[PDB]
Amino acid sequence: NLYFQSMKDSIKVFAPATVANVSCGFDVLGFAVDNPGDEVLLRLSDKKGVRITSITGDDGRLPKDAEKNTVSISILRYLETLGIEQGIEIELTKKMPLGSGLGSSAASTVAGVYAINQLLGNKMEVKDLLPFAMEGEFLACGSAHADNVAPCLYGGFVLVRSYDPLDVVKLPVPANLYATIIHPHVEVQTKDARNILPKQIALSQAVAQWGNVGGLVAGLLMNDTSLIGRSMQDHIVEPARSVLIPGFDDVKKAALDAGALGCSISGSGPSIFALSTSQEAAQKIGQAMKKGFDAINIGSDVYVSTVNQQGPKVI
């Protein structure tokens, strides 16, 4: 005795940028922010196949071929799993720069999967879309990051406890916790940010790090601020990668002098994030980081928000 149906034959979804690693939690912590993000539009087609109609905000850098593109691969797999024969056209709009360290590929992929699922009448739980977004990323870029993908899809702050099997845990965070993201207008390759990591690390360095990861998780779950500040030390990854990011040391120091809880590389960079406990503090942190990059003549965009609990959004 209820009927709902949608007459829409198209849908537009927005999916948010995410900050991965979050200082000491390399490969295991990530959270979503409000901006920026990507948009995906899907229309139903009587003509078969998943096809890419158009890509914008791209500089023609992304694969137009459907079997090479992350979004089309994801959607194709979803349709195959459910045994649906349905034509789909995709228009993709990048509202964020690629290789920025902000989970760009993830946002597109999550946008597509979320989109297809809602458009075809919510046949799967949002929870269960994660693997498709993962396989999509894996098949396209040879490499999937759950600490980008999970918070992007689920919203909020996430611990990726294991990759195999995929074990993801959403954590509460204090409501007055703000993230300032600065994205410099320069491109550090993801490739060089991977290669530069050590293959081996000292046990005592690892212990120092997993102490901190525990300190950070406890600090968030318990709404304690002072513990988070002290726990946001990264002794392994940031010292290796920071050489790739122009002005990193000055920018970090400027954020800490402006009163940040802590500050590190976002994902694989060159973006940098800082945490603070109010929107006055977050803004002046953003202003001081901007002033760091300006002093070396590098253009920059600043974003300020609390953790985005929504995740993707129909627009």
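Residue positions are given as counts along the sequence shown, with the first one as 1.
Trainee: For the C-alpha atoms alone, is the average B factor greater in 270-278 or in 56-64, going by the entry?
Mentor: Stretch with the greater average CA B-factor: 56-64.
Trainee: State which stretch shows the higher mean Cα B factor in the entry: 179-187 or 136-144.
Mentor: Taking the mean C-alpha B-factor of 179-187 and of 136-144, the larger value falls to 136-144.
Trainee: Specify which of 162, 223, 100, 109 carries the largest Cα B factor in the deposited PDB entry.
Mentor: In this record, 223 carries the highest C-alpha B-factor of the candidates.
Trainee: Taking the values straight from the PDB record, which of 193, 115, 130, 169 has the highest C-alpha temperature factor?
Mentor: Of the options given, 193 has the highest CA B-factor in the PDB entry.
Trainee: Among all modelled residues of this chain, ranked by Cα B factor, put residue 155 in the bottom, middle or top third, i.e. lowest, middle or highest.
Mentor: Its C-alpha B-factor, which the entry lists for residue 155, ranks in the lowest third among residues of this chain.
Trainee: Place residue 46 in the lowest, middle or highest third of its chain's C-alpha B-factors, as listed in the PDB entry.
Mentor: Tercile = highest for this residue's CA B-factor.
Trainee: Looking at the temperature factor on the CA atom of residue 69, which third of the chain's modelled residues does it land in?
Mentor: It falls in the top third of the chain.
Trainee: Grab the CA temperature factor for residue 242 from the record and place it in the lowest, middle or highest third of its chain.
Mentor: It belongs to the lowest third of the chain when residues are ordered by C-alpha B-factor.
Trainee: By the record's CA B-factor, is residue 200 among the lowest, middle or highest third of residues in the chain?
Mentor: For residue 200, whose C-alpha B-factor we compare with every modelled residue in the chain, the answer is the middle third.
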